[PDB]
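The figures here come from the full heavy-atom set of this structure, side chains too, leaving out hydrogens, waters and symmetry mates. Chain letters run A, B, ... following the sequence lines, proteins first, then strands; residues in each count from 1.
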Amino acid sequence: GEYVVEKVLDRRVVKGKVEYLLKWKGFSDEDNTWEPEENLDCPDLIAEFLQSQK
Amino acid sequence: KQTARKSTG
């Protein structure tokens, strides 16, 4: 399914591909998942994470 | 809205 994301918590690079750790709206932090970037439709939240990295 | 698809399985 498609769900609303609260925040992008982290990013990792594995096998030449980018994945993000996502906090899902209305779900426990125990339900955070790593998702391939192609799954994401949250550009403003990715922009927030990269700026927090600087 | 900021959404994403959650990988199933």
Side-chain angles (χ1 to χ4, degrees), chain A residues 1-53, chain B:
Chain A
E2 169 176 288
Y3 302 88
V4 176
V5 177
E6 308 272 75
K7 192 182 178 178
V8 174
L9 303 174
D10 202 1
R11 185 196 69 179
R12 72 185 173 192
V13 168
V14 178
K15 302 196 186 309
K17 298 182 61 60
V18 183
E19 296 180 350
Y20 293 97
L21 181 59
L22 304 188
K23 170 65 170 70
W24 303 98
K25 177 175 185 176
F27 293 87
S28 169
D29 301 84
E30 296 177 310
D31 293 337
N32 298 340
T33 55
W34 288 98
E35 303 290 342
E37 69 174 349
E38 55 265 37
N39 295 10
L40 278 61
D41 289 314
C42 49
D44 300 8
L45 293 187
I46 296 184
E48 177 193 10
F49 165 79
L50 296 176
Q51 297 163 15
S52 76
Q53 195 183 8
Chain B
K1 26 182 169 297
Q2 311 296 286
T3 66
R5 288 178 299 275
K6 195 196 295 189
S7 296
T8 308

> What's the shortest heavy-atom distance between B:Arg5 and A:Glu35, and which atoms?
Replying inline: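 Shortest heavy-atom contact: O-OE1, 3.6 Å.
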> So, for B:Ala4 and A:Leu40, which heavy atoms are closest and what is the spacing to 0.1 Å?
Replying inline: CB-CA, 3.9 Å
> Considering residues, nucleotides and ligands other than B:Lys6, do more than 12 of their heavy atoms fall under 6.0 Å from its NZ?
Replying inline: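 Count over threshold, so yes.
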I want to check something: taking the side chain as every heavy atom from C-beta on, are [X] and [Y] in contact at a cut-off of under 4.5 Å?
| X | Y | result |
| --- | --- | --- |
| A:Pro43 | A:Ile46 | no |
| A:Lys17 | A:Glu38 | yes |
| A:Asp10 | A:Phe49 | yes |
| A:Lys23 | A:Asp29 | yes |

>> Once rounded to the nearest 0.5 Å, what's the spacing between atom OH of A:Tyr20 and atom SG of A:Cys42?
In response: 9.0 Å
> A:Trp24 and A:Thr33: side chain to side chain donor-acceptor pair (under 3.5 Å), yes or no, with the steps?
Replying inline: CA-CA 9 Å; A:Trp24 303 98; A:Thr33 55; 2.9 Å; yes
>> Evaluate A:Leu22 against A:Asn32 for side-chain contact (heavy atoms from CB on, under 4.5 Å), listing each step before the verdict.
In response: CA-CA 6 Å; A:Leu22 304 188; A:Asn32 298 340; over 6 Å; no
> Is the shortest distance from a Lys or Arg side-chain nitrogen in A:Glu19 or A:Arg12 to a carboxylate oxygen in the other one below 4.0 Å?
Replying inline: yes
Look at the side-chain heavy atoms of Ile, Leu, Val, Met, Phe, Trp and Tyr, link any pair under 4.5 Å apart, and say whether [X] and [Y] land in one connected group.
| X | Y | result |
| --- | --- | --- |
| A:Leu50 | A:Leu21 | no |
| A:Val5 | A:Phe27 | yes |
| A:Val18 | A:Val8 | yes |

>> Could you walk me through whether A:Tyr3 and B:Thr3 satisfy the side-chain contact (heavy atoms from CB on, under 4.5 Å) test, starting with their C-alpha distance in whole Å, then the side-chain angles of each, then the deciding distance to 0.1 Å, before giving a yes or no?
In response: CA-CA 5 Å; A:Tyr3 302 88; B:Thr3 66; over 6 Å; no
> Is it true that a side-chain atom of B:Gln2 and a backbone atom of A:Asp44 form a donor plus acceptor pair closer than 3.5 Å?
Replying inline: yes
